[PDB]
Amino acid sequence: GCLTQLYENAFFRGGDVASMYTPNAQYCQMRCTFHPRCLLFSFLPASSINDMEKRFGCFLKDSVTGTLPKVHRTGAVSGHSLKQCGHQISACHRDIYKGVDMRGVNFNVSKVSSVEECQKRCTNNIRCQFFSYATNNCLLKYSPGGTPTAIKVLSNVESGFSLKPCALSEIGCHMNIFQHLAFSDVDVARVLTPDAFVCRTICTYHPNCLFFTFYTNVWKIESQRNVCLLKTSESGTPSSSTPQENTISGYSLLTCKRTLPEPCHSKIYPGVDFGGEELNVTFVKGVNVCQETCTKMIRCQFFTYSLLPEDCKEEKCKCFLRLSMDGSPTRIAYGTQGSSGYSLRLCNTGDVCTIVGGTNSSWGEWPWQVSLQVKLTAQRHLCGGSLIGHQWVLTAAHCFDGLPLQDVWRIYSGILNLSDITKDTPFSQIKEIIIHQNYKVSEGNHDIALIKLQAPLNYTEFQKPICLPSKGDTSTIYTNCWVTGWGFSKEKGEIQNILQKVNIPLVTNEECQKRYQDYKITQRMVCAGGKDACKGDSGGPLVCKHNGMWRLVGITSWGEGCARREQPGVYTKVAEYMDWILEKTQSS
């Protein structure tokens, strides 16, 4: 099961399967998440340890129990992989580190006006993995495994990673595969795959893979059948291509914006066995059950469901759960009674999960944010909203006051600049509106409504759901809460074109009551406050970053003016409507 909690001042003892340098702990957790064996990680900031070569140190760990001895160590951050965490799994990491120099193979040097300009050049260079900017020349870099070979504290250097895996690369996306055609170049790794697309997906998430050649099982040389060769080159593109019977080549799809493959392989393969280390064997009823059994057991990486009469009892046959060192079968045999497949633990396309005084946001920064517009005499943006599921958006009830809740509404998602919206821009239409039963147009109670879209949305890195809060467990005092929208930047201002963001401290429910003596601030409301949500931000998100994670805490509802001194914003408190949410939303 998904496990997002972190452990402060804590180091896990032993169990190392890999280690590298990473700029912070969440980056290390992402490495853990994508490593085939990592369940647990411990990270050491520059302050925590005094062994120079351990600083910025990221240690990836496995354990047959799923647990390891935990030792106290001031400043060390331990935690879990995000395997099994669905759409919270993400290869994208846009943080820029001030005062930090991440080192590697410097292969390209330029002069640019800002760190941002440097990040962009890295992002658009097929070979760039991370970069460093000084203060103004710009260094693009790669390294073994994509992590820096060293990380040093230098006050006037900023560093960050290519935003390629955030879908921001202008580099092309190449969906073409080439039949009977082999690449040469630099082989960076070699694994067995059942077909070419699995191999292409492994290439896409492999740090140093830019293209691949796969060898089918009809391949002349028997010992090389099903070999998937991950490759790269200095230029980043193949320098030759050789015609070759029974040979399939293609490219990493990491630059692809809307065809980025999921980092799991969900096809079932009849007549094939996947060899590996045996982890557990049990009698389940059919291949699908066997695959779920593998997905729920986190150390399982792939399986074979046997169909030999000797391996079946009554409707139930042996389900061989297996793993290997690198996540791929150690053998693939093609004449067997039964079917093989992979664990879905890393699938991230989901099933729902558990502005005055701000600055420009960046594309995909807030991927759950939507704009709710109305086609009346003109089309206009009225409210924000939060994507919480393929078909579901959460917003404010008052957005529909006296409004013809029919074929008038158009929901926009995955969008940063409203001015970019033309009548050809794709949009979601409303299939159904769920205003809270106890809502009333002239009162602020239960300011919340669901919207079922007429079609489900595909999750991308610029369009995906925010997670909701766990139970009524808001005893936790959130410290890093933010609010976004295209609303008025001042009282009596205008709608903004570029989605805005602001960091607002939360307030107490009694202190908030003290400042609105004319209304009743209730338990089901949460308050927060020269910086505020304003007109047109209605219904948008109030998000809090907990354990490096983002939670949806409030729905922008109301305030007296905008950004008025000691009159804070009132948000519908999401914790207190989970019952109704999950209710209306897990049905129909």
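Start at 1 with the first residue shown and count on from there.
Missing deposited residues between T135 and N136: 4 to 9, all without coordinates in the entry.
Counting the unmodelled positions of the deposited sequence between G529 and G530 gives a gap of 4 to 9 residues.
For the segment pair 472-480 and 406-414, the entry gives 472-480 the higher mean B-factor, averaged over Cα atoms. In this entry, 415-423 shows the higher mean Cα temperature factor of the pair 415-423 and 89-97. Of the candidates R127, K313, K464, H72, the deposited coordinates give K313 the top C-alpha B factor. Out of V153, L372, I433, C300, it is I433 whose C-alpha atom has the highest B-factor in the PDB entry. In this PDB entry, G539 carries a Cα temperature factor that places it within the middle third of its chain's modelled residues. Ranked against the other modelled residues of its chain, the C-alpha B-factor of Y571 as given in the entry falls in the middle third. When all modelled residues of the chain are sorted by CA temperature factor, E245 is found within the middle third. Sort the modelled residues of the chain by CA B factor and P456 lands in the middle third. Ranked by Cα temperature factor within the chain, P194 sits in the lowest third according to the deposited record.
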